Amino acid sequence: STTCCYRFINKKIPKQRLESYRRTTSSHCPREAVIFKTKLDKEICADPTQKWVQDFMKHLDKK
Amino acid sequence: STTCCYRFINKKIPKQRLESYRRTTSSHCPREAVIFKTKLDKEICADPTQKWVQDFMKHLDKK
Amino acid sequence: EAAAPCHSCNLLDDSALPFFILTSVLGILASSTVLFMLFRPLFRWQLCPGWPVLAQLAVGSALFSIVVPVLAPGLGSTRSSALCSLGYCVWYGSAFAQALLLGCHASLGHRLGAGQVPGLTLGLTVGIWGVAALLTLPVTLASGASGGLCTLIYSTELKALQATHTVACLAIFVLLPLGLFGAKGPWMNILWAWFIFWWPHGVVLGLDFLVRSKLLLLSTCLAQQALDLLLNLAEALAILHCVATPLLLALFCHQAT
Amino acid sequence: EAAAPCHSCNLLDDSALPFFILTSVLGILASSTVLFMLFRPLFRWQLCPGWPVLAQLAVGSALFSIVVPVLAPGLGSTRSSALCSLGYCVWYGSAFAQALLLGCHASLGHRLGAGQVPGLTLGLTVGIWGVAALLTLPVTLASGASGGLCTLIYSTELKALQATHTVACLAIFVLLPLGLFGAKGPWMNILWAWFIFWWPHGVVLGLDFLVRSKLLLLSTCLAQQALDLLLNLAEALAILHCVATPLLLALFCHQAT
């Protein structure tokens, strides 16, 4: 609980390696980030400000 | 009980006709007064600023 | 020369013990009845609009009924200033609490229109009872016993505390109702009969303040006798509140349904 | 490159149900015991100086002990916002009331030395409880159930309310004791354990206000972990208050005799 990401990174990521996507809860969190779940069952947080991550969200099925 | 009088008079009084002494409770009352009780079943209030009442207060047995 | 000193009419004194004891018993009975016909939901009292406010008004009337006899005259000695202070404190606290609850239900009816809002209702009731317990500080500080009877205190220094108490009483009891009606009949639903039982207790309290402060003066004996009679009549019209209010609540609830 | 999202320690949640339920039960038991050991004067508890303030501290502890489990986690859903608001309101009101009784006693022991003054004691207790019920208005307005569990509300339309609540908590819990301990071994009475218990809940609330209002910003995941660890530790040190206060009261009573 109280998930947060203080060190969000805007680097590019592979598209196929992911498995699911999630939003954040900025209750106690500093500057906002996003949560994505990889196919390797490893969670990750990244900077949503970049254009590459925006294209990643656009390409996400999300349905 | 709870006795007042608005128009106390400072005339003379019969020396031998008095019976007892009393004082008033100025709670709701105008100008402070004093209650004199007489032997003929008459109770009267008088102006305490006169000299006659000053004489009567000391001439009262009060003992 | 008659010049007879004026003796107080002193109506409500000991010989009027019934109007204290029987009134207290009937009031506590009626208040407990109207409260426990609310606390048992089998009588179809659940769907009433803003029923917790009605329950708070009823429990205030209850507490007032319980406090009635402790400060009433007729009983002899062995009463201390502690009991008189308790009596006046919870007496006027119940009065203030009921008046404030009516003010809330009159001004904030639109807020209650959204149903039973939990946070809003809880904050309103807790703040209303807190401020009612706060407003009764001057009366509970300026209260005592003179041989056993409970009377307010008008000393050479307590004039400030009693002045605060009487301006609060004037506000709550006569400025608040008229102020709600001051929009210068259709409005003022039937429950404004609550303030009819304290409007005299506001006006006469103000007049008593002015008289005790020695700033005014009593011109005639008839004036003093009429002042005493008005004070006692207002006290009676305030004591009958204990039985009056729950019946008004019941009439409202069974007429608005 | 890990870049893994940070996760909280999250101690107090469901797996710690005993620390709520058993603590509340022991608190109500002990508080009721020390309450009816005063309500029954057969145990020579009437010779104490200023016993009604002691009993009011005890009854505040009893109310807090009773209220503990309603806002406690571990229980499932169906907890309405009404019950959660009730829990926060009366919990923080009890805390404020006890702190105010302590502040009153530590400063007016001189007045209490004149014995059991009826008017003074009654006015003090009624005003203190009224202002305590008044001070819990911001927390009871800014309360809710997020999915059925009790959390405070920090939102744009509640910023002013939560700021007032947190400044009041800061005052009552850390500025009031240290204020009494100003005048720049210990000399004052031993009952500072109350404010020692509520001191973490006073200091951490300001940091929570600063962080939750976006004024400050955290550095790393270690800072966040330390923050919520301190928050949970302060909550535990404020919840053990149920069992803390009555035992200290009894020790004080049986040591000054």
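To match Swiss-Prot, the residue numbers of chain C are left as they are there, and the shown ones run 46-229, 240-312.
Recorded method is electron microscopy, 3.7 Å.
Cβ from N, Cα, C; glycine included.
Copied from Swiss-Prot, the annotated features are:
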type	residues	note
DISULFID	C:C51-C:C276	disulfide bond
DISULFID	C:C129-C:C195	disulfide bond
TOPO_DOM	C:85-95	topological domain 'Cytoplasmic'
TOPO_DOM	C:117-129	topological domain 'Extracellular'
TOPO_DOM	C:154-166	topological domain 'Cytoplasmic'
TOPO_DOM	C:188-207	topological domain 'Extracellular'
TOPO_DOM	C:266-287	topological domain 'Extracellular'
TRANSMEM	C:64-84	transmembrane segment
TRANSMEM	C:96-116	transmembrane segment
TRANSMEM	C:130-153	transmembrane segment
TRANSMEM	C:167-187	transmembrane segment
TRANSMEM	C:208-228	transmembrane segment
TRANSMEM	C:245-265	transmembrane segment
TRANSMEM	C:288-308	transmembrane segment
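Under a cutoff of 8 A between CB atoms, and with a sequence separation of 6+ in the same chain, the neighbours of C:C51 (disulfide bond) are C:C276, C:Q279, C:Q280. Helix, strand and coil residue tallies for the topological domain 'Extracellular' (C:188-207), in that order: 4 helix, 9 strand, 7 coil [DSSP]. Counting neighbouring Cβ atoms within 10 Å of each of the disulfide-bonded residues (C:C129, C:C195, C:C276), the lowest count belongs to C:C276. Between the transmembrane segment (C:208-228) and the stretches C:64-84, C:96-116, C:130-153, C:288-308, Cβ pairs under 8 Å are most numerous for C:130-153. It is C:288-308 that, among the stretches C:130-153, C:245-265, C:288-308, forms the most Cβ pairs under 8 Å with the transmembrane segment (C:64-84). Those disulfide-bonded residues from C:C51, C:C129, C:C195, C:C276 lying by chain B, with Cβ under 8 Å from one of its Cβ atoms, are C:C51, C:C276.
Here the topological domain 'Extracellular' (C:117-129) has long-range neighbours at 57-62, 65-66, 69, 188-190, 192-196, meaning same-chain residues at least 6 beyond its ends whose C-beta is under 8 angstroms from one of its own.
Within the chain carrying the transmembrane segment (C:288-308), a Cβ under 8 angstroms from the stretch's Cβ atoms is held by residues 56-57, 64-65, 68-69, 71-72, 75-76, 78-79, 90, 93, 99, 102-103, 105-106, 109-110, 113, 140, 143, 244-246, 248-249, 252-253, 255-256, 258-260, all 6 or more beyond its ends. Chain break remark: 10 residues absent between C:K229 and C:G240, end-to-end distance 13 Å (Cα atoms, rounded to whole Å).
For the recorded site, C:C51 (disulfide bond), the DSSP three-state label reads strand.
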